[PDB]
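Before any comments, here is the structure.
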Ligand SMILES: *[C@@H]1C[C@@H](O)[C@@H](O)[C@@H](CO)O1
Ligand SMILES: [Mg+2]
Ligand SMILES: [Mg+2]
Ligand SMILES: [Mg+2]
Ligand SMILES: [Mg+2]
Ligand SMILES: [Mg+2]
Ligand SMILES: [Mg+2]
Ligand SMILES: [Mg+2]
Ligand code: NA
Ligand code: NA
Ligand code: NA
Ligand code: NA
Ligand code: NA
C-alpha cells in the first residue's frame, strides 16, 4: 500500500492522543511525581540495520534478528551513528518536489528489540507501546505480526500491544522510513535526519481507565479567587460504583478535593457524556504561576470504587494563571507581558536531535541567567520533559505544530489544499491534546513558513474552540492574517519598512497603527544571531519599552546547529552544511545561535542579557532611580552595588538593598563623593546582585548593570619637557629617527613605517599601513555565493568597488625637524582601475619623550560604497601573554553592539581577544578604547581595536575555524572608525545608516609609545 | 582663555605656530582648544583645530572661530548650502552650489535679534580679498554676537566697524518642536566630546 506516499493515511491502528500518563497504582506516588512501576522504559540497546529502500528489507527480519545487524543505542538518529549522511538544506526540499511521492531510494532503518513482559501485565489490563518520536514514518510489528503505522516525527505514536504479547520474551520490529508524505510538512531549516530519536516506553493501564483529563483554572477579577475545573474521561465499563476524585495540593498541603460518580451534564437532545465527569474545586488566594515566580500546585486524578479501592491515578503540575488579549495587549494574570524570548531547536552537537535532561536543564539555566523569560518551540512539539522543566523553572512557551512546507511554490500550495487538511489537522489537534494541561504553554502556534491557506483558518478555529484559554498565533502569509491573534512577523525592522509585495514586512512601530489594526505585536523571529551579529539589538528593546503593544519577540535563535566531525588525527571539529557530502546544502546558514553547539556563549549573548534586564535606571545628580519591570514579584533577592572609578582607578563603592515593588521605583542616594586625585573621567557603574541562590542561579549572580559618566576634569597640565631631542637621518631610501634605545624607520618609496626597534629588537613583521576592509561577517555576505553572486550584499559592493584589491599610491613623503621632535608627513591614494577610493594624509611626530604621535585624516569618495573600517594595521613581532586596555569590555563589542560593554580597565589572556566563530570573520573588536597595552607597547587615543594571531586576510580565506593557524607574531588592527555589524536579518544589508561610515572625511589620532 | 602653550617652528617651506588654550570657569575647565597654524611660501595659512569639551559641561552652542575683519565688502560669494540661512536641523531646503548675494542678505532681520544668517556645508567662502576653504558653517554680518544678545529689538542694532565673521567647525541645532523647553534633538547637540576641523585662509 505504500502508506508513506499518501497524505490520506497518516496512521493505522494508532491510539488517541492524551496528556502524559503513568497509571500509578499508588496515589501518593502520583502526588509526588515519583517513578511508576506501570510506565517502563524501553530505551537502551537495540538491534539495527540500514537498507537503501523498504523493498530491500528481508522478510526474515520480521521473525528473526538479522545477523548482520549491529547493536546501537536508542533513542538515536541513524546519521549520528554514521549509517548515512545528515543533510542541511534550508528552504529547498531535500527530495524532489512531487507530492505526495518520495524517492524510490528511501533510507530505511530496521530496528528491533527483544524484551521481557511479566505475566502480571498480561493477565489483566492493557499494555501499550509509546514511541515519543520516530522520524519520519514507520511500520511496527510485534512477535512477527503487524500492529500499525505512524507519521508526524514530533508527537508520540501509541499502539495497544495487549493481544500481541506473551509472557517472557517478545520481539518488536520497527521499519523506519527516512522520507514520507509527512516530509512534505517537515521542511524546517535544520539538519534532515531520521530514526527512533525520542523515548520508547511501555505503559500498562487497567481496562477501566482514565483516558483523558483536562485542567482549567478561572479567576475573579482581582485574582484572589479561582476555580479549578477538571474534566475527566474514562474508557472501559461504566458502573455505578465508579468514582473520580480530583485533589489539589500545594506542596505537602492538601488545598482541596472533590469526588463524583461518572455522568456529565446534558449537552444536547441525546443527553450527555455518561463516560465523563467534571470536578470543580474552589481555591482561595491561589499562589499564581508566572515565569517570575513559577508557583505550582499538583492535581491528582484518582479513578476508584465507592468502597475505596483505587483503580489508578494520573496527575499533573498545575499553574494558576490566566492568559488573555484585551484592548490590544497580551496579559498574563491581568498584566501586560514583555516577552524576552528566544527560538530553540532540539539540537546536540554529538547526539543530533536526541534530547537529554541534562542539556535541557543547561539551556534553561543559561536562558534565565541571561534574562530570557520565554521560548518558542521552533518548529514542532518538543520532547515531553521540556514542558515539565518550563513549568517548574518558569518560562513562557509558544507550543507549535510540526507543519512547515517552506519549499513549496507558492508557499501555501499544500496548506490551501483541502486534501492536505487531514494530515495538517492531526499535527495541530494531537499537539493540543497532549500539551494543554501545561501552565508554561501560553500560546499555540499553527506551525511555521507554510504560507497562509484555508487549512490554517480551519485549524485556528478548531483551537479557539477547544481551548479558549490561550491565544493562537501564526506568521505565514504576511504575519497579520485572519489565522493569528498576534501580529508575529519575522525580521520586521524597528523603523525601516520592507514593502515586499503581498507579504510586506512593515516597521514594527508602523505596523501596529495601520488602519483598522488593533492586535499586539510580538516578533516570532528577530535579531538573526548568525556569526558576528546582534547589531541594532538595543533599538528593538528601546521600541518594545516605549510602545505598549510592542510586546517583544523571540530571537532567532538559541544554539548553533553545528555537528561534530573528527579529523584524520581524531580531533573533533565543528561542521556545517555540505560537510557530510550533503548536496545541495545551505552551508553555514544552520548556525544562527547566541551560543555555540556546546553551549559556550557567543559574545552576543551578553548584549541580549543587558537589553533584557528587568530593572531600569536613571541618574539625576547622585540620585539613582531604579524602576522594576517585574509584574508580580518584589525585588526580594537583590541589592545594588555601585562603584565610581577614575579612568579605571577605583575611587569608592557601596551596596544598598533594593526594595522595589513590581512596576515600582526606588530612589537611592549616593554618598557625597570626595574629589578625585587627578584629571580624567569619573565613571559610575551599578550592578544588581542576587545574594541568594535560586533554582536557576548561584548566590552572587549579576542580573543587571548600567553606567554613566560622572564629572570629568580635563587635563591642562603641561608635560615636563624632554631631556632629549630625537635625531633624524635622511637617506635616499629612508627617513630614520633615533632616540635613545629607540629607532623608527620610514620607507621613502612606500611612505610607511616599515620598522621599529627597542634596543636591538625589531618590532615589526609587516609595516604599519592603512586598512579600509574587514574579513566579511556572515551579515556582510548575506546570500552571496561565488556561483550566485548577490550584488546587493555589502561584501559584493566592496569587492566590486575594488576595496579589497586597492593599492596604495604614494603622493608624498617628507621630513622636518622641530625644536623638540621629528615630523614625518605622508599622503597616499588608494585606487582601483583609475578610481581614487580613499586618500590618507598623516603626520607622525616623534618627540624627546619617545612618543610617536600619529595624526590621520582620510577622505572617502562619496560614490564608493562606505568602507568596513577606517584604521591602520600591522603585524607585530611579538607574541605576549596578556592584553590590557582601558575602554569598553571585557567582551567583543562593535558600534551597533556595545551597550552591554562597560568602560573600565580590562586584562585578559590574548586568546580571549579572539572569538572563535565557526565560520571565521572579522572578530574580537573592542570599541571606545583610550589606552591599549601589549608587550612593551602602549597605544593611546580614542579608537576601536582587535588583536590576535590571525590576519584579516587569513580570516577571509578560511571557511572553518578549525583550519585556522596562528601566524608569526601578532596582528593588530587599530581603527579610528568601524562599521556596524548589523543582523536585523542575515540575507539583506542590515547595518543601519547611523552606523555606516558615510561621513566623507574622517580624523583620528593615536600615540604609540613604550609602557 | 588661559594660555597653555604657544610655540613656533620653522620648517622647510613654512612657519608653524602651535597653540593650546583652556577655557575655565570658577576653576572648572570647560573646553580645550589645540591648534596649529601653518603658513607656507604660497601665502596660505592652514589652521587645524582639535577641541575637547568636558563631558559634564552643557553641550555648547557651537565650536568655531571668530573675528572682526577691517574690511566691509559688498558681496559674499560661497560654495555651500544656500542661498538662504540654514542650520543643521534646518537645511534640507538649501541647495549646494555657488551663491553670491549682497552682504545684507547674509543677515536675517528677526524682530528679536539672535544668532542668525548661518549657512552650512560650505567648502569655500569669499569676501573682499579673503578666501577661506574647508568644510564649515559660517555667518557674516556687521553685528557681533555680543551686540545681538544684548539688543532686544532689531531696530536698535547698529552696524559695527568692519565685518564680524563667525566660522564654525560645528554648530548646534536650533530646535523648535516647542519654544519653551529644550527641543534640539540629540543628534544635533554637540556631545561628541572631541571635535576636529580645519580651514585654509588665503588672499584671492
Ligand atoms: C525564521 C525561520 C527559522 O526556521 C530560520 O529559517 C530563520 C532564518 O535562519 O528564519
Ligand atoms: Mg501517509
Ligand atoms: Mg513499588
Ligand atoms: Mg517465550
Ligand atoms: Mg523555513
Ligand atoms: Mg549551495
Ligand atoms: Mg548603557
Ligand atoms: Mg535633501
Ligand atoms: Na511594549
Ligand atoms: Na537558519
Ligand atoms: Na532586595
Ligand atoms: Na571567512
Ligand atoms: Na537678543
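Counting starts with 1 at the first residue shown.
Structure method, as recorded: X-ray crystallography, 1.8 Å.
Heads up, the Cβ atoms here are built off N, Cα and C, so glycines get one too.
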Joining A:589, A:592 at the Na(+) site recorded in Swiss-Prot, out of A:189, A:199, A:984, A:985, is A:189
Of A:987, A:1008, which does Swiss-Prot put in the substrate site with A:90, A:189, A:449, A:525, A:526, A:527, A:528, A:592?
A:987
Cα-proximity to residue A:379 (site 'Transition state stabilizer'), 10 Å cut-off, over binding-site residues A:90, A:189, A:404, A:526, A:528, A:585
A:189, A:404
Translate the DSSP assignment of residue A:406 (Mg(2+) 1 binding site) into the three-state scheme.
coil
Inter-residue C-alpha distance, residue A:987 (substrate binding site) and residue A:404 (Mg(2+) 1 binding site) (nearest angstrom):
20
Relative to the Cβ of residue A:526 (substrate binding site), which residues of the same chain, six or more apart in sequence, are found under 8 Å away?
A:490, A:491, A:492, A:540, A:553, A:554, A:555, A:556, A:984
Cα within 10 Å of residue A:449 (substrate binding site) is the criterion; apply it to the recorded positions A:345, A:525, A:585, A:592 and give the hits in sequence order.
none
From A:404, A:406, A:525: recorded positions whose CA lies within 10 A of residue A:589 (Na(+) binding site):
none
Length of the line joining the Cα atoms of residue A:585 (Mg(2+) 2 binding site) and residue A:528 (substrate binding site), in Å:
20
Site of maximum Cβ density within 10 Å, from binding-site residues A:90, A:585, A:592
A:592
CA-CA, which of the recorded positions A:90, A:189, A:525, A:592 lies nearest residue A:404 (Mg(2+) 1 binding site)?
A:189
In sequence order, those recorded positions of A:404, A:406, A:449, A:525, A:526, A:528 whose CB lies under 6 Å from ligand 10:
none
Cβ-based neighbourhood (8 Å from the centroid) of the Mg(2+) 1 site, residues A:404, A:406, A:449 excluded:
A:91, A:187, A:188, A:189, A:379, A:405, A:407, A:411, A:447, A:448, A:450, A:476
CB < 6 Å to ligand 1, subset of binding-site residues A:404, A:526, A:585, A:592, seq order -> A:592
Would you identify which of the binding-site residues A:589, A:987 has the most other C-beta atoms lying within 10 angstroms of its C-beta?
A:589
